[PDB]
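Proteins get letters first, then strands, A, B, ... in listed order; numbering begins at 1 in each. In what follows, every heavy atom counts, from backbone to side chain, and hydrogens, waters and symmetry copies are set aside.
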2 protein chains.
Amino acid sequence: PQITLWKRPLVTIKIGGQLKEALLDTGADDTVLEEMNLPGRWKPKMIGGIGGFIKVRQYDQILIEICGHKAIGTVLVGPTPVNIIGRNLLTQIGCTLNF
Amino acid sequence: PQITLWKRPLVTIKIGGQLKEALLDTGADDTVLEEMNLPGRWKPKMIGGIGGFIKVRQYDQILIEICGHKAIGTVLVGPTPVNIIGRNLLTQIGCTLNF
Ligand SMILES: CC(C)CN(C[C@@H](O)[C@H](Cc1ccccc1)NC(=O)O[C@H]1CO[C@H]2OCC[C@H]21)S(=O)(=O)c1ccc(N)cc1
């Protein structure tokens, strides 16, 4: 689909059997989601936004279904104010900016 | 143009007679730039994201040329680690997500 940016580009995602809404964020290198439980072993990391940094838990090779499109990749879990789909997963569903 | 997201969507902008590179950020509601001089009056504001908040100076009706696309709108000036073109200006140049 083609999403215009008059409203936030919010889409529905399915991850770990749960439904959520996430923000298609071209400004985010990595996908970051609010607190939740996920499989596999995770390792610490720190990511920086506009107001500093937060501590997240990095999960690799995690399946996400973004508005119907499936993708497997890194997912960061931490105290983000918004669920964010970063470029690490946007490239997999073949998303592009166009103007 | 069509911009893929394998690399950060950095583009060339032209504001206040200066040349810079900015991040086409669909996750950003409004445009935020690093410190610089701009014309006219401004008002204090605070914007929040991953990590917390920063104090910015809001300039209204500021001319920017994004990849050769002219736009006039709100421009926030503050300690952002990256120059961010937010949705407030992406809409004016006809930017859309497509997958
Ligand atoms: C976090 C979003 C809900 C909103 N943000 C835009 C977002 O693209 C930021 C904007 C951004 C871009 C680069 C550097 C700092 C902030 N990027 C970001 O947080 O990504 C982080 C998670 O993955 C990593 O990728 C880069 C930073 C990490 S924001 O910076 O806080 C913001 C909020 C409001 C306005 N008007 C302008 C910008």
Side-chain angles (χ1 to χ4, degrees), chain A residues 1-6 8-11 21-29 31-32 48-52 67 80-87 90 95-99, chain B residues 1-5 8-40 42 44 46-54 56-60 62-99:
Chain A
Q2 174 189 245
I3 303 174
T4 65
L5 301 166
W6 304 98
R8 284 190 181 193
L10 278 176
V11 301
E21 286 202 82
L23 192 66
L24 302 185
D25 188 356
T26 58
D29 305 329
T31 294
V32 199
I50 201 135
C67 193
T80 179
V82 198
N83 291 331
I84 294 166
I85 306 280
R87 288 186 303 97
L90 293 173
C95 189
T96 56
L97 290 166
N98 294 273
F99 62 99
Chain B
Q2 176 183 101
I3 297 176
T4 67
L5 297 164
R8 276 184 170 192
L10 286 180
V11 294
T12 309
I13 63 171
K14 192 187 304 185
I15 177 173
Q18 294 177 243
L19 279 57
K20 313 212 194 215
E21 289 226 90
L23 187 67
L24 299 185
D25 190 350
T26 58
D29 302 357
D30 302 308
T31 297
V32 199
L33 309 176
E34 295 178 297
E35 183 58 40
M36 60 179 299
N37 285 349
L38 289 186
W42 58 269
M46 307 209 201
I47 62 180
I50 278 177
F53 62 91
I54 62 167
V56 304
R57 313 193 309 270
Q58 176 175 339
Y59 295 83
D60 286 332
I62 299 296
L63 173 64
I64 304 190
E65 187 182 34
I66 303 159
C67 265
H69 290 72
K70 281 158 168 76
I72 287 176
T74 306
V75 178
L76 312 177
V77 186
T80 179
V82 187
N83 295 328
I84 291 169
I85 309 298
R87 291 189 302 96
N88 80 292
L89 293 181
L90 296 173
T91 50
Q92 298 190 16
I93 68 173
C95 199
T96 58
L97 290 165
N98 303 80
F99 63 102

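For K14(B), the NZ atom counts as loosely surrounded, since its 6.0 Å shell holds 12 or fewer non-hydrogen atoms of other residues, nucleotides or ligands.
Nearest approach of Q92(B) to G73(B), heavy atoms of both residues: NE2-CA, 4.3 Å. Nearest approach of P9(A) to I3(A), heavy atoms of both residues: CB-CG2, 3.9 Å. The shortest non-hydrogen separation linking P81(B) to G49(A) is CG-O, 3.3 Å. Nearest heavy atom pair, residue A71(B) against residue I93(B), reads CB-CG2, 4.4 Å.
Using a 4.5 Å heavy-atom cutoff, the side chains of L97(B) and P1(A) are not in contact. In this structure the side chain of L33(B) never reaches within 4.5 angstrom of the side chain of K20(B), judged on heavy atoms.
The structure places CG of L10(B) at 10.0 Å from SG of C67(B), a figure rounded to the nearest 0.5 Å. The line from CZ of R57(B) to CE of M36(B) is 9.5 Å long, rounded to the nearest 0.5 Å. Within the model, atoms OG1 of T26(A) and CD1 of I84(B) stand 9.5 Å from one another, a figure rounded to the nearest 0.5 Å. The CZ atom of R8(B) sits 4.0 Å away from the CG atom of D29(A) when rounded to the nearest 0.5 Å. Summarising the geometry, atom CG belonging to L5(A) is positioned 10.0 Å from atom CG belonging to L24(B); distances are rounded to the nearest 0.5 Å. Summarising the geometry, atom CD1 belonging to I13(B) is positioned 4.5 Å from atom CD1 belonging to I85(B); distances are rounded to the nearest 0.5 Å.
In this structure, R87(B) contributes its side chain and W6(A) its backbone to a donor-acceptor pair below 3.5 Å. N88(B) contributes a side-chain N or O that, together with a main-chain N or O of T31(B), makes up a donor-acceptor pair within less than 3.5 Å. For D30(B) (side chain) and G86(B) (main-chain N/O), no donor-acceptor pair under 3.5 Å exists by modelled atom type. In this structure, the side chain of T80(B) does not engage the main chain of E34(B) through any donor-acceptor pair within 3.5 Å.
Within the structure, the salt bridge (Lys or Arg N to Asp or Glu O under 4.0 Å) test picks out no pair touching residues 90-99 of chain B (sequence neighbours left out).
Among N83(B), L76(B), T74(B), the one residue that satisfies the side chain to side chain contact (heavy atoms under 4.5 Å, CB included) test with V32(B) is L76(B). Between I66(B) and the options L89(B), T12(B), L90(B), a side chain to side chain contact (heavy atoms under 4.5 Å, CB included) holds for only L89(B).
Ring pair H69(B)/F99(A) is perpendicular by interplanar angle, where above 60° counts as perpendicular and below 30° as parallel.
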